[PDB]
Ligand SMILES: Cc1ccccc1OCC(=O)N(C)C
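Presented below, as structure tokens, is a lone chain in the form deposited without the ligand.
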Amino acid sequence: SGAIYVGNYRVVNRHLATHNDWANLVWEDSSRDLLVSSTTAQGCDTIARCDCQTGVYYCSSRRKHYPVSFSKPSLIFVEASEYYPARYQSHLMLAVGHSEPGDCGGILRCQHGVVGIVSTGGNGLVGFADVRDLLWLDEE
């Protein structure tokens, strides 16, 4: 579980979006496993605006923060999961680390701010859904 709170936007994993997120939808992309909804109150998370390939993510399944190197956002083949069919996930960054399904929503951060949220795991890899390209999260 977990989300990013920036301006009046709530960014979650699409496969974990609630009634209210769908009721208050702004943007979703199944291929990115992302959904942005609107929020009453204002958030304090800054979205990174950078091409950093080093960061730190929270792994709920280890109650541990791990420093990691991660590939640039790419179109990656992701083996089928409970919520998804085996498909090409877009804007996905891969690191070596531990990730189980419940690790989704775990934030990846660099010095510039929030880079992504855990979206994929398996075979000692962790996959993060990039949000740095969503320049529109910083305004309105």
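Under this definition, the rigid core comprises the largest set of C-alpha atoms superposing within 1.5 Å between the forms. In this text, residue numbers run from 1 along the sequence as written.
Chemist: On average, are the C-alpha B-factors higher in 102 to 110 or in 80 to 88?
Modeler: Averaging CA B-factors over each stretch, the winner is 80 to 88.
Chemist: Identify the stretch, either 67 to 75 or 35 to 43, whose C-alpha atoms have the larger mean B-factor according to the entry.
Modeler: Taking the mean C-alpha B-factor of 67 to 75 and of 35 to 43, the larger value falls to 35 to 43.
Chemist: Within this chain, which third does the Cα B-factor at residue 118 fall in: lowest, middle or highest?
Modeler: It falls in the bottom third of the chain.
Chemist: Would you please rank residue 23 by its C-alpha temperature factor against the other modelled residues of its chain and give the third it falls in: lowest, middle or highest?
Modeler: Tercile = highest for this residue's CA B-factor.
Chemist: Per the entry's values, where does residue 10 land by CA temperature factor relative to the rest of its chain, in the lowest, middle or highest third?
Modeler: Highest third, going by the recorded CA B-factors of the chain.
Beyond what is shown, the protein has a form deposited with the ligand bound; the following relates to that form.
Chemist: Does residue 43 make contact with the ligand in the deposited complex, using a 4.5 Å heavy atom cut-off?
Modeler: No - in the deposited complex, heavy atoms of residue 43 and the ligand never come within 4.5 Å of each other.
Chemist: Might residue 49 be said to contact the ligand in the deposited complex, defining contact as any heavy atom within 4.5 Å?
Modeler: Residue 49 lies outside the contact set for the ligand.
Chemist: Within 4.5 Å of the ligand in the deposited complex, which residues of 63 to 101 have a heavy atom? Give them in sequence order, or say none.
Modeler: Heavy-atom contacts within 4.5 Å come from 78, 81, 84, 87, 99, 100, 101.
Chemist: Looking between the shown form and the other one after fitting on the rigid core, I'd like to know which of 37, 81, 60, 89 has a C-alpha displacement of 2 Å or more.
Modeler: Comparing the C-alpha positions, the one residue that moves 2 Å or more is 81.
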